[PDB]
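Peer 1: The structure follows.
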Amino acid sequence: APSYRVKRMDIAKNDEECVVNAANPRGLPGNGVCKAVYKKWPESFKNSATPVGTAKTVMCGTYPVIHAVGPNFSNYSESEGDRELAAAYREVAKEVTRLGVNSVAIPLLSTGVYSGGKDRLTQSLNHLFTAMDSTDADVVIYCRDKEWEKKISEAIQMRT
């Protein structure tokens, strides 16, 4: 049964068996999480470009980096962007199952610079739950903001 924890730390330092990158469609180092991933796993950006709403895995040895491209809500209506966010997480879940990994480190997609200025914690995390519940991986959610740590912690608590 999939389990969920949250940690307040740089996802580049995760101890899990694979990592999900909050990637962009052009496959660029980007900023934020994406750049942290680039700094730790540069060779994961070989041919990593992939369209909004999809995920593409690039292996670093046997360590998978799952580039998940959520929408930039500055460029999508709320309905269309919510569909692509859901779809990006669903593609991450499918890749986690395919890879057969026991655990996955995962950031909240379409937040920060992709959020259009809006607080999208609950929206993005609920899509994360819905996708990852179809796996049996242990899920570790990474964030940097103390308050977001608290909010994710509570949301986890009140599904069990």
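Peer 1: Roughly what would the spin-label model give for residue 46 and residue 154, points 7 Å off Cα along C-beta, in nm?
Peer 2: In this crude label model, residue 46 to residue 154 measures out at 4.6 nm.
Peer 1: Do you know the relative contact order of the stretch 16-71, to the nearest whole percent, from alpha carbon pairs under 8 angstrom that are 6+ apart? Mind showing how you got there, number by number?
Peer 2: Values: 102 pairs, mean separation 23.7, N = 56.
It rounds to 42 percent for the stretch 16-71.
Peer 1: Residue 130 to residue 97: extension gain in nm, 0.36 nm per residue of separation minus the Cα-Cα distance?
Peer 2: Full-extension gain reported as 10.4 nm.
Peer 1: What's the tally of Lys pairs in the stretch 3-157 whose alpha-carbon atoms lie under 17 angstrom apart, where the two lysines are 8 or more places apart or on different chains?
Peer 2: 11
Peer 1: Something else now. At a 10 angstrom cut-off on C-beta neighbours, averaged per residue, how do the peptides 46-58, 64-76 rank from highest to lowest?
Peer 2: 64-76, 46-58
Peer 1: Averaging sequence separations of C-alpha pairs under 8 Å and six or more residues apart, then dividing by the length of the stretch 3-157, give the relative contact order as a whole percent.
Peer 2: It comes to 31 percent, rounded to a whole number.
Peer 1: Same structure, new question: Within 10 Å, Cβ to Cβ, of residue 56, how many net charges do the neighbouring residues add up to if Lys/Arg are +1 and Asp/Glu are -1?
Peer 2: Result for the local shell: -2.
Peer 1: Please build a GNM for the chain, connecting alpha carbons under 10 Å apart, and tell me which residue among 80, 91, 16 fluctuates the most.
Peer 2: In this elastic network of the chain, the residue with the biggest mean-square fluctuation among 80, 91, 16 is 80.
Peer 1: First check a/c for the chain, with a ≥ b ≥ c the square roots of the eigenvalues of its C-alpha gyration tensor; if it is under 1.5, answer rounded, and if not, answer prolate when a/b is larger than b/c or oblate otherwise.
Peer 2: rounded
Peer 1: Of the beta bridges DSSP finds with both residues in the chain, what % are antiparallel, to the nearest 5? Walk me through the intermediate numbers first.
Peer 2: Details: 6 of 22 bridges.
Taking every DSSP beta bridge with both residues in the chain, the antiparallel ones total about 25 percent.
Peer 1: In whole Å, how far is the Cα centre of the stretch 29-45 from that of the stretch 106-160?
Peer 2: 20
Peer 1: Could I ask something else about it? Assigning unit charges at the beta carbon (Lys, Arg +1; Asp, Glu -1) and nothing else, what dipole magnitude in debye, to the nearest 20, does the stretch 1-137 show about its Cα centre?
Peer 2: The calculated dipole for the stretch 1-137 is roughly 380 debye.
Peer 1: Quick one: which of 96-106, 142-152 comes out on top by average Cβ neighbours within 10 Å, and what's the full order, highest first?
Peer 2: Those peptides, ordered most packed to least, come out 96-106, 142-152.
Peer 1: A follow-up question, please. Name the residue farthest towards the positive end of the dipole of the stretch 3-157 from the options 116, 23, 42, assuming +1 on Cβ of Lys and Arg, -1 on Cβ of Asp and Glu, about the Cα centre.
Peer 2: The residue sitting most towards the positive pole is 42.
Peer 1: Residue separation times 0.36 nm, minus the C-alpha to C-alpha distance between residue 147 and residue 75: what's the value?
Peer 2: Gain in length upon complete extension: 23.2 nm.
A quick note on method: Cβ atoms are made from the backbone with ideal geometry, for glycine too, and the neighbour counts reach across all protein chains shown. Just so you know, all these numbers are worked out from the coordinates, no wet-lab data involved.
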